[PDB]
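Asks: this one's experimental. Sequence and coordinates below.
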Amino acid sequence: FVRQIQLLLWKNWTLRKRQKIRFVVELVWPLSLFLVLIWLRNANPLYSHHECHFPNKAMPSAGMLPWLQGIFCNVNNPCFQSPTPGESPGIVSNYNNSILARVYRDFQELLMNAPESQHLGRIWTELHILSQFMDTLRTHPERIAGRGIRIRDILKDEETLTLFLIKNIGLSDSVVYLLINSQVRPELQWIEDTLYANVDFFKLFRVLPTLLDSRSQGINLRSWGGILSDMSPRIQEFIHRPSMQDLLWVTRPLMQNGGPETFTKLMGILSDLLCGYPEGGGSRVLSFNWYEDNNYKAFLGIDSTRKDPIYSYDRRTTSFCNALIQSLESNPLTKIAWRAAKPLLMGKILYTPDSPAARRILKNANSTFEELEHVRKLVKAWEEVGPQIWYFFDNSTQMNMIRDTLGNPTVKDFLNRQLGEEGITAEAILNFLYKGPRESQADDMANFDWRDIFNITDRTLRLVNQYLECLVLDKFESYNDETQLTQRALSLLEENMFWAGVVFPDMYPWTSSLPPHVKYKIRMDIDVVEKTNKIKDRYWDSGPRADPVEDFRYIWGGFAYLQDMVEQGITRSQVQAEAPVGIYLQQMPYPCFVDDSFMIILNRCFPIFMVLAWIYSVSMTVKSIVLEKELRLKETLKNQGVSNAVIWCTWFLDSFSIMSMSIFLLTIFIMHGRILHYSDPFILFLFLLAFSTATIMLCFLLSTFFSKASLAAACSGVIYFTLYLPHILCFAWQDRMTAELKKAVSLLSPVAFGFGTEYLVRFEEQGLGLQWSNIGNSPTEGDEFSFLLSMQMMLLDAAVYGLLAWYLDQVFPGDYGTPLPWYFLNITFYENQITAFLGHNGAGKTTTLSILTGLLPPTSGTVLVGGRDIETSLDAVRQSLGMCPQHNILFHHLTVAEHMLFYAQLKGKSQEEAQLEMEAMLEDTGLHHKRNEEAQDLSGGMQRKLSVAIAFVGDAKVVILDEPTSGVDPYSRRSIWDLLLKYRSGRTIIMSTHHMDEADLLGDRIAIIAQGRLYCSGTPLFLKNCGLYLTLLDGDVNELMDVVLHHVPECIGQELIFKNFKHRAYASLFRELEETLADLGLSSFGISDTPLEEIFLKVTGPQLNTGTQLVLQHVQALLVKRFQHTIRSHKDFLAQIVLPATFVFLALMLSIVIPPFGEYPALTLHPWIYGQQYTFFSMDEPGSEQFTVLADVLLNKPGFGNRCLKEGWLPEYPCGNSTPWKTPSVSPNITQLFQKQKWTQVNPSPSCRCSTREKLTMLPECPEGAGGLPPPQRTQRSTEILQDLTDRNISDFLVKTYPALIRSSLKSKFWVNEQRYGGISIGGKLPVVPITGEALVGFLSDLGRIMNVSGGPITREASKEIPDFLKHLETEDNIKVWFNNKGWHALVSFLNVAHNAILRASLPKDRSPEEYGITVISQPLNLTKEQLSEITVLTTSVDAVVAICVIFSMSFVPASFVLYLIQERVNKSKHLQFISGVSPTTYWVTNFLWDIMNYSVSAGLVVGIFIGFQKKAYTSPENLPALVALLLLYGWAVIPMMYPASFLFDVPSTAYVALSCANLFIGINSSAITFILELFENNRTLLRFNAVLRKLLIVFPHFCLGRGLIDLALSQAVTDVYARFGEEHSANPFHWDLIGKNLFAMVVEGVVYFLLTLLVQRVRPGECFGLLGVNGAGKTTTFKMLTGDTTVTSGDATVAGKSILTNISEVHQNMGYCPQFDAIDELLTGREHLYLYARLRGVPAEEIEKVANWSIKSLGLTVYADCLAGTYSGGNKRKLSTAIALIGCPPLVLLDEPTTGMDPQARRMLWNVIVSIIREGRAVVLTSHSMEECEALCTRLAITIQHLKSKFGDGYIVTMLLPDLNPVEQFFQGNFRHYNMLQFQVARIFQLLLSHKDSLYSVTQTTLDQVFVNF
Ligand SMILES: CCCCCCCC/C=C\CCCCCCCC(=O)O[C@@H](COC(=O)CCCCCCC/C=C/CCCCCCCC)COP(=O)(O)OCC\N=C/C=C(C)\C=C\C=C(C)/C=C\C1=C(C)CCCC1(C)C
Ligand SMILES: *[C@@H]1O[C@H](CO)[C@@H](O)[C@H](O)[C@H]1NC(C)=O
Ligand SMILES: *[C@@H]1O[C@H](CO)[C@@H](O)[C@H](O)[C@H]1NC(C)=O
Ligand SMILES: *[C@@H]1O[C@H](CO)[C@@H](O)[C@H](O)[C@H]1NC(C)=O
Ligand SMILES: *[C@@H]1O[C@H](CO)[C@@H](O)[C@H](O)[C@H]1NC(C)=O
Ligand SMILES: [Mg+2]
């Protein structure tokens, strides 16, 4: 039966290709969402970074110098691709390439390790010291061997020349002594100088300056000269070394009046001066996960900076310090860094107990601050040592002696021993003592001397002293309890002088001795510490989480530093021993990650968008199927011979074709839009095609539930969207499913699509992206769901949906034969001419018809020559065809020629045969001229003509019909008669209807036998004889009637009514009547024969109220009506009482499930806050006993942390058992790889291949090697696995095994256990200076003894504790604490672990380390008002979403009202009420009143729901009336707002969906815009915001309600905030500033919209007039003009009798033309027996409680009177409509189409009621399209029944074996075709022929049917 598929598919394609709006939308709308996705993809570029190795971070326990150097160097936390030096096992110092370190290295290499130069330098040192000692006069304490007491010796004073001299024989004093005395003296004399005795310059003899030291021998030799010129080559090599040259080249801008960049270039110089990091100084990685901190300001671009503090005058600092603070805070450039650094530099630390134990702990922790104070004192000592240096370089006596030695004749070696050694001798005179005391002029000092550098060094020292004085080093303030703290801390945070509060619990103010286990809490500001309510990063981000400022609050906030200080103080308090070990937190290395945030969107937006891509489409598909079912058109196909599965097969082919085109376009769009980079387009195409197939099965399944096309189209999209939501619910609980409950949930197609696209996103994060070889593999490596199973089970869902849809369609059809069980006498009449079976409906005629249809199986009878339809179902289905039912069976959009082709090819035939048949159109249907016209374009007569002609498209021998012309136009009835007669073809045509006139002329070979038992055969000749009436204002015809009655032996007004033919008597009466016609007033004459309808009948105060008594009664009636309509209807109950209730309940669930945003409790800060993890251990320096015992007390005895304390640490964390050491088993080829190949230290293991710029992977693909040879494991007693990373490359192992660890964890990427958060490397020795302090003090004292600089109080105070300063400057023994920053509280917890290990290692022999420990707790202080503002913003955003949901829920009830109103308006029920006498004002007022009542009930229910939650924001006593007012007034204002939607729209379900969408859109926009634009505190949009709030959006009641709820939430939040702070709040609604504005706006807007709605609203007494003068003219327009439906004045002048106006009755408009029953059932279809009550209580007018008395209106039908109006059939419905139309006894009765399809008996009852009414004296005017009903019901008035026939061209019709007909024809021709019946069209000859009947029958005049103005 493939031809059926082909034909139905062609039909479906032809209908689909003509809509031209669904076609384009179904292809464009899905593309728009993915264009949005493309834009999002372009707006979210991926962030890729290389391998990250981070520099070591020192701690205060490691000494001031490493700690500060780390602080300065690692301000950016740089990423180095190569491992840092600190990551090596034995070394910790990354400052190896710094210029200072290299200069120090060269200093040791050349000077310290010189060739025994130390000995020579020392010898020179004691040489100078001995010379200085000899320089001292020491009064007379001299050896007296030589006259050298004092004053440059006294040789002249004491010698042999004293007194008279002459001791040496002939000694003379300046008298040219012949003999010179030399025995008593160590060394031509005359008065004149330069003589023979004065030949020597100074002293020729005794040139040695030693002079045996003048005491105890020890003469100073030339050892100083020997050392001289030996230091010169080494000094030159040191100076010319590249390190020293680099030092000079970088230091030139420094220490000068330069600094071109005040801070940018200074940092650049200081970096390579102190840090010297490789690469370009490293690079920082940026943390983009702003949503993890709830930092909405960062996303929106708001500044998010706290308010600046006040100047606070000067405080206790210096003027320079205050100026610096004010400049730093005021400068916008440097206020952020200064804000971060101020608590550290100048802040206070507060401790609560104030106990002797606490004071001891803090004194021990003070070490860093004593060290800083010592540095400050050392710098301050310059103030009193600098002038001494300057004076020493002034005269003094040492510098003068040096100058004299240089000033000696030739200065011994004038050119120096090291001649030409780049050093001039004048450098000892100038540039060292230039110009003596002072320079002669500016720049005359050779520009470089002692003072030239003295100013620069003095200025630098004084400036650094000034800067250092701006520091607070007495940071510890003692309080009494934690209540006094957090109050001082609040003020300090206000002025930014608070570091932390170190509160010690479990210890009283009098506690002196420390407990073995010490707990303490560090209380920080929440802005400088990680939040304690969250420990992980939620959504796992590919990245190291290593932004220096964004996610290192523990470092730069001072938490880690203070924790280290406090724990070190506790350690020193407990152990009472010197075991100095530092801490070197070192972040774990990270591999080549790729951060693609767009995947998040792709993980959430891709499914929903796809669903939203089909919503409209799915609706249309359903709108097709139900449209084939509601139009009784699927049953037409089933009668035609479809299989009930070929139709759905073709529906699939059509829908699948359109969806396949759409999916092809979407796949091309996605691939070329770079939404998916690394995916094969074919698998994505197949995934989308499987989703499409599941969607089409959803369409088929949903089409069975519904029976109305419009409702199905409106609601199918709603079900389709709703079905996806379970996926959203399951995504939050993704870990809950165990691949079995997930399967159960995924029976829904959207949920399975969501799972599949989740797997797609997971594969797209990698470089694979759903290839053919990985669809069946789950990337999580632990889930059995996979992705291929997703597509397969979506196909399974499609099959299940289709099967269940087929089952339901078979079992629950619309109206047809249904197999409820779970399956999965009689003869033939004449066979020629147009036979007609006439009978009452339901009396067996329909049963005989159905038996003849073939539907009911034939029993003991033959439908045709085939024997039986039961015996031969295939036969008599092609010939016995053309089944024309009462329903018009056509297509909405298909063409007439297309109908002909489709129906000709459906019943056999072929395309050529169908085309040939369509060519023979047999005229009609506009011939071939109207071929291109669509079926809907054709008029009703044309539509029915085509429907009947469709029966003759195929060659059909038997064409049985059912009312071909039941309600067709009279001209159209003639046309259909001509078409049907022209297609007789000798066929057994059978037609059945209640219209006998249709069988009068076109009916031949009549057989009215369907009477239930075939009582009468009813052949036309036989039916004729089962008498004739005579037709002819004078009023005297009563006497004339007797004459005619006597001549030929039912009278009414304006007319005359009165075998065995009696020709002689009849002809005599006819001649007498014709002769007397002139005398009488009759204009014409006629003859009436026996009607065919009668043949079938053979078997069968004032009562009226006036004035104000109306309106009140009016409203009651209307109220009552709607009351009934809201009791019978249950849809109006679910759409008004529960739907808002359920949505509000869901919204409140959402509100209460969200956790509070500002809890921040105390966190115990231990590594086991993360459950299962690997912690690693490295042992370096095994020789040290201290490190061995530290490893012992770290590994097994107490273990890590404090979980094992021998006395119970935490009940929630018990201690288990420790497994023995075990190296994990490894694959054989891994060992082969590691043994066969060569691996060096630089390349110890295979390298992970990360992103290659063309295949970007989230993490590198690590080969089988990775770290390699897994380390031994222990499964520590703390239920955590310890790895032994001893003698192994820790950095390589970590960075290459991290991906393997994290692949297992990231099964969901929502709460990941990285299984590795920290580790300990016990080792790393920092080289220290060998000065040892005391030697330095001795050297400085000796130097100060050489020249009397001495010192003062400051120098002595500085020198008191130099050895302690040197000891605390740096720490030699150290331990590294590796931490993973992706765990937030990781580094602090492992500081705690390391300090516990250090404390346990230092314990004495006794006092077992099991019990000792330290516990750190992070408990942030109470939030400030600025932070509480953000918390309030978050909470009120949740409340705003709740308010939006409340608006959306409450908008349903007014929508239900609008659907009621539109349903009442469309079916003209509202117009009927207006016609009866309901004024528009009264109608709208009572509708508004009832709507307010219903909404009040619904809002009371919603208020009950709210109060059931005890929400303080809304349900508090001061807010409950507010919430009630908001709800009630919102409804009361929004109901009139959408009243006009009744006029705008015409379809109820469409109105519901459109109004719900509009309300949701308006509500979300109104709430969100005002809630978001108010967040921008400092902007120019605020005015814009106000232009949105006060004026723009206040018009919408949605905005009023939403802003009211939001403002209530904000007011309650701020009231709670002030109550927490104790300031209290007014909290008074109805103030016009909080909520009163919205209430007044609602009050005004309700009235305004109600007025807008009211503005939108803007014949003789006894003769029936048949208003059918022109059929083509719009009589419906005339009736509307006579009624209130149309106000067009372009019409004829008419009056209602009582009043005359433009609208006839416009002058009065009261109780005029009361009935207006048109060709429409103006029934509410929900009220029973109340129509006669509603249409009488006051609606026509109040009849004074006479409702029961006026029960006569129930004469037509009393059995169905008490049943629902929609419950019973159309005949009873229209009988009730007519009864309520003429219920008020009006003078004028309007009737349109007086009787539609109804039983002839009921039609007779209606006609007798009408004629009785018109005889009573009530005027009736009637119109009809059948026009057969006008006869015998309407009076002489017509648009004269006999007069019209006579005036128009017409005449009487005369009707009379085979040879016997010849005499009749010959006789008939004498006076003036079919077998046994002659139809001759034709007065004197007629009378004569009647008398001559024997020589040769019934004769009737022209009827109203014949010649109905054909023109
Ligand atoms: C104009 C654009 C130009 C620039 C281009 C950028 C455009 C691209 C758009 C984004 C580029 C980057 C992609 C990041 C977002 C894209 C992800 C997406 O699209 O879907 C999300 C929707 O999730 C939700 O919104 C609530 C569910 C959270 C459940 C947590 C449970 C407990 C927490 C409850 C607190 C909830 C507060 C109440 C929320 C009220 C509703 C807003 C599914 O999150 P996920 O878990 O699947 O992924 C992990 C992400 N982690 C947290 C996600 C968010 C959004 C945190 C927002 C945090 C906030 C404060 C959101 C909104 C804000 C609040 C409420 C008040 C201030 C105003 C503001 C609107 C800014
Ligand atoms: C400083 O030296 C000068 C130079 O001779 C000399 O007057 C004296 O030693 C000092 N000057 C004083 C003390 O004014
Ligand atoms: C090593 O052996 C394992 C399992 O025996 C296998 O999966 C892997 O592919 C092998 N590798 C090589 C290089 O043979
Ligand atoms: C050093 O001693 C000299 C004399 O020997 C004296 O003039 C000078 O003031 C001293 N310097 C001091 C005490 O700083
Ligand atoms: C901090 O908040 C707690 C929470 O209950 C409160 O008890 C305490 O008094 C607050 N301290 C202040 C506001 O100083
Ligand atoms: Mg972050």
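Replies: Here it is on my side, so go on. Residues are numbered from 1 along each chain as shown. Ligands and ions are numbered 1, 2, ... in the order given.
Asks: number of residues surrounding residue 634?
Replies: 22 (other Cβ atoms under 10 Å). C-betas here are computed from N, CA, C, even on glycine.
Asks: can I assume it is in contact with residue 648?
Replies: No: taking contacts as Cβ atoms under 8 Å, residue 634 lies outside contact range of residue 648: 9.9 Å.
Asks: measure the residue in the chain positioned nearest to ligand 4 to residue 726 for me?
Replies: In the chain, the residue found nearest to ligand 4 is residue 1348; the distance is 3.7 Å by Cβ to the nearest ligand atom. Computed as Cβ to Cβ, to the nearest Å, the residue 1348 to residue 726 distance reads 93 Å.
Asks: which residue of these two possesses the greater neighbour count?
Replies: A side-by-side neighbour count of residue 1348 and residue 726, using other Cβ under 10 Å, places residue 726 first with 16 against 12.
Asks: got the phi and psi for the more buried one?
Replies: Dihedral pair for residue 726: phi -50, psi -30, per degrees, to the nearest 10.
Asks: now do the contacts for it.
Replies: When contacts are counted by Cβ atoms under 8 Å, 6 or more residues apart in numbering, residue 726 touches 745, 748, 751.
Asks: phi, psi for the last one please.
Replies: What it means is residue 751. Given degrees, to the nearest 10, the pair of backbone angles that residue 751 has is phi -70, psi -40.
Asks: check the gap between it and residue 793 for me.
Replies: 10 Å.
Asks: and these two? Which one has more around it.
Replies: residue 751 (25 against 21).
Asks: isn't the more buried one right next to residue 745, touching?
Replies: Yes: assessed by Cβ under 8 Å, residue 751 is found in contact with residue 745 at 5.7 Å.
Asks: so what sits against both of these two?
Replies: 726-727, 730.
Asks: Throw these into JSON lines and include distance to residue 1729, thanks.
Replies: Converted to JSON lines, the shared contacts of residue 751 and residue 745 look like this (distance: Cβ to Cβ, whole Å):
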{"residue": "726", "distance to residue 1729": "46"}
{"residue": "727", "distance to residue 1729": "50"}
{"residue": "730", "distance to residue 1729": "52"}
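Asks: can you tell me which of these is nearest residue 707?
Replies: Distance to residue 707 across the shared contacts of residue 751 and residue 745 (Cβ to Cβ) is lowest for residue 726, with 27.1 Å.
Asks: which residues sit against stretch 1083-1096?
Replies: 838-840, 996-997, 999-1000, 1008, 1018, 1023-1024, 1026-1032, 1057, 1073-1074, 1077, 1800, 1832, 1842-1843, 1845-1847, 1852, 1898-1901.
Asks: could you export that stretch as PDB, CA atoms only?
Replies: Taking Å, rounded to 0.1, in the frame of the first residue of the first chain, the C-alpha atoms of stretch 1083-1096 are listed here in PDB:
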ATOM      1  CA  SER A1083     -54.100  39.500  -7.000                       C
ATOM      2  CA  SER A1084     -53.400  35.900  -8.200                       C
ATOM      3  CA  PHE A1085     -54.500  32.300  -7.800                       C
ATOM      4  CA  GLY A1086     -52.700  29.000  -7.100                       C
ATOM      5  CA  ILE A1087     -53.200  25.300  -6.300                       C
ATOM      6  CA  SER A1088     -51.500  23.500  -3.500                       C
ATOM      7  CA  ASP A1089     -51.000  19.700  -3.700                       C
ATOM      8  CA  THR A1090     -50.200  17.300  -0.900                       C
ATOM      9  CA  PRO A1091     -46.800  18.200   0.600                       C
ATOM     10  CA  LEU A1092     -44.100  15.600   0.800                       C
ATOM     11  CA  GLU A1093     -43.400  16.600   4.500                       C
ATOM     12  CA  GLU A1094     -47.000  15.800   5.400                       C
ATOM     13  CA  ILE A1095     -46.600  12.400   3.900                       C
ATOM     14  CA  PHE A1096     -43.800  11.700   6.400                       C
END
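Asks: what residues sit buried inside it?
Replies: 1085-1093, 1095-1096 (16 or more other Cβ atoms under 10 Å).
Asks: stretch 216-227 now?
Replies: 220, 227.
Asks: then stretch 989-1006?
Replies: Buried residues in stretch 989-1006 (16+ other Cβ under 10 Å): 989-1000, 1002-1006.
Asks: first-to-last residue distance for that stretch?
Replies: By Cα to Cα, to the nearest Å, the extent of stretch 989-1006 from end to end equals 11 Å.
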